[PDB]
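No lab work stands behind these numbers, since they all come straight from the coordinates. Reconstructed Cβ throughout: ideal geometry from the backbone, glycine too, with neighbour counts over all protein chains shown.
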């Protein structure tokens, strides 16, 4: 079978057939690259919810992937990578395909079935009004060169909306990812208790650059016993790490303990260039980066 | 004509398959070197709601070899061997099964009871012998056997969030003290992301021994041990040199979460050294009032009294006869009001150092079993001065003890540190 | 006839490598 859409249109004669899917999209050969996202599928007669990865549905039948070694790749869900842009201020990648909805379907499969998600090198681009959510324990493993690039153009509040939200991820691991935005807007990764506590989550080689805040925590009891190993927060507009369990006049609360091992915060804070900069969105709107002409910051705030 | 059928988009379905591993045992080859496909280890997955598992590709040989139930399927005068990819394989390749995870309540068993002990022993043997990594899937593996599961050499084991090992001690010869899992000789191994529990307050979770050799640089990561009698047990010298615990948890065990005792009184001196704990937690270990009154009902309808005596006490962690021990980060806490003499007890060690560990919530007792309240506090200080009890951390005959400045709270016993 | 050969439990062997 040539592509995932062709698979949706392929009607089986009997439940339990095995077929081969070469690649998720066709036309790799006219380009200069190899097929990706293919695999082996088995048919069933009945109804099921199409997923875009694991399950391909037609009228009265569906096809399910055979998953090997309890793991899969984001390409299995139709995500695409491209060449990485430089870290300069308003610079976007060369091709702009939005991966948010397909990557959300991939995260949902990894949390539901407890498969490990394998990411490849290159940049995944994200330009969506929705935040990417992790809502349970998960294994994610990238490669040296795995990049998540966030465009805040479509967010309802670009300055404060989060790119990625993590909640309830006990005993998970997330390794080898580089998130950056080139905008001085938004939160890189936001931790919440909207699902539960991230009780023994481990982040390893996670890098967050050029947002407004890199790692953000703003409520109690949501990062108990979290661990950061070899992580980096760099060149963010206010702080690299911002943890604030409660504000003035609010009920006391905390999270405890918190462990940082060989993590670096470097270059966070308003520079004179940043103070004067204006961000140009893909809809040709202009967003003033500064809040006030007297902005100051720090590397880490606990 | 037939090539036209084969070249259709669904032509791969016209290739045949072997339906199960037993069918593979009965498949006689015509010639050594044939290749065949095995759909799944067991058949009948389609009548259920779930996908094939444990299949792969096999190659035939003419001769004799010892069957494994995984790697090699043998018949009379021939056999079949799996093709293994990326030097790794899964427990399903050996016929293991998973089921839905029970809640952590006291005498609650899973819904389906298939015993995985002999097949998991075969898989461990293949991983140690050939140096392949073993991949485990989510769900519970159930274990109910008179034999302990043994690891006897260096190994890589990698589970998933939700991988559970459930142990039923009904068939053990001595349920109260028999180990579920024995580790020995595992230098440079790694074991990660496993949750073992028993719901019985009986047995040892993971026992370390020198029956094969030293566990010289074994690394345990995200290994949880719950509701046994002891979570991690060490009971002889020179068997955990340079071991490492990363992000591990021992929780709700009857006496201790961590029990290390190189030698007892009147025995020759010995130790293991160094020992490294990083961000590990022991919590809720010790005899609770429910546990003191509980009785375990076995699958054979026998009743086993959980208590040893009505004055049972415990602690979160117990270290004896060690040297150069570092406890970095982590937590030790008595959540649930178990009866504890202390949170940590240290005896006859050399250089025990605690860096910023979180200590909290102790419900204090003496070694006899006397509750330590305000009303009798003065009496305690007179009559139990020489007892190994009465503090959040009790230190006895330790050279080079050191604790920095952690946050401590809810200490309802006589003192915070006791030195003796 | 050849389809019957290919559909046997050891049919994958008849593919060359």
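Scan the strands (runs of 3 or more DSSP E) fully inside the stretch B:278-328 and keep the ones with 2 or more residues being buried (at least 18 other Cβ atoms within 10 Å of the Cβ), touching a residue at least 12 places away in the same chain (Cβ under 8 Å) and on the phi < 0 side of the Ramachandran plot.
By residue number, B:281-283, B:314-320, B:323-328.
Keeping to the stretch B:223-250, report how many residues are under 29 Å from residue A:229 (Cα atoms), more than 14 Å from every other protein chain (Cβ to nearest Cβ) and in contact (Cβ under 8 Å) with a residue 60 or more places away in the chain.
Count: 0.
In the stretch B:330-343, which residue that is away from every other protein chain (no Cβ under 14 Å) and buried (at least 24 other Cβ atoms within 10 Å of the Cβ) is nearest to residue B:276 (Cα to Cα)?
Out of the qualifying residues, it is B:343.
Name the strands (runs of 3 or more DSSP E) wholly within the stretch B:112-155 that hold at least 2 residues that are within 19 Å of residue A:69 (Cα to Cα)?
B:133-135, B:139-143
Considering only residues that are surrounded by fewer than 20 Cβ atoms within 10 Å (Cβ to Cβ) and within 35 Å of the chain's Cα centre (by Cα), which ones fall in the stretch B:364-387?
Correct list: B:367, B:368, B:369, B:370, B:371, B:387.
Which count do you get for residues in the stretch B:128-140 that are more than 14 Å from chain A (Cβ to nearest Cβ) and crowded, with 18+ Cβ neighbours inside 10 Å?
1
Of all residues in the stretch B:344-358, which are away from every other protein chain (no Cβ under 14 Å), more than 29 Å from residue B:296 (Cβ to Cβ) and either within 21 Å of the chain's Cα centre (by Cα) or assigned to a strand (DSSP E or B) (or both)?
Scanning the stretch B:344-358 gives B:346, B:347, B:350, B:351, B:352, B:353.
The conditions are (1) assigned to a loop (DSSP other than H, G, I, E, B); (2) within 14 Å of chain B (Cβ to nearest Cβ), and residue A:193 fails exactly one of them. Which is it?
Exception for residue A:193: condition (2).
Return the total of residues in the stretch A:170-184 being assigned to a loop (DSSP other than H, G, I, E, B), in contact (Cβ under 8 Å) with a residue 60 or more places away in the chain and within 21 Å of residue A:97 (Cβ to Cβ).
So the count comes out to 2.
Residue-wise test of (1) away from chain B (no Cβ under 14 Å); (2) more than 20 Å from residue A:240 (Cα to Cα).
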{"residue": "A:252", "(1), (2)": "no, yes"}
{"residue": "A:262", "(1), (2)": "no, no"}
{"residue": "A:265", "(1), (2)": "yes, no"}
{"residue": "A:270", "(1), (2)": "yes, no"}
{"residue": "A:273", "(1), (2)": "yes, no"}
{"residue": "A:300", "(1), (2)": "yes, no"}
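Answer yes or no: is there a residue in the stretch A:160-169 that is within 14 Å of chain B (Cβ to nearest Cβ), without any contact (Cβ under 8 Å) to a residue 40 or more places away in the chain and part of a loop (DSSP other than H, G, I, E, B).
Yes, the stretch A:160-169 contains a residue that is within 14 Å of chain B (Cβ to nearest Cβ), without any contact (Cβ under 8 Å) to a residue 40 or more places away in the chain and part of a loop (DSSP other than H, G, I, E, B).
Suppose we filter B:152, B:90 for residues that are farther than 30 Å from residue B:294 by Cβ and within 14 Å of chain A (Cβ to nearest Cβ); which single one remains? First the steps, then the outcome.
Working: B:152 fails: within 14 Å of chain A (Cβ to nearest Cβ).
Answer to the selection: B:90.
What is the residue count in the stretch A:200-221 for residues that are in a loop (DSSP other than H, G, I, E, B) and buried (at least 24 other Cβ atoms within 10 Å of the Cβ)? Give the derivation first.
Of the residues in the stretch A:200-221, the ones in a loop (DSSP other than H, G, I, E, B) are A:200-201, A:210-212, A:218-221.
Next, from what is left, pick out any that are buried (at least 24 other Cβ atoms within 10 Å of the Cβ): A:201, A:210-212.
Qualifying residue count, the stretch A:200-221: 4.
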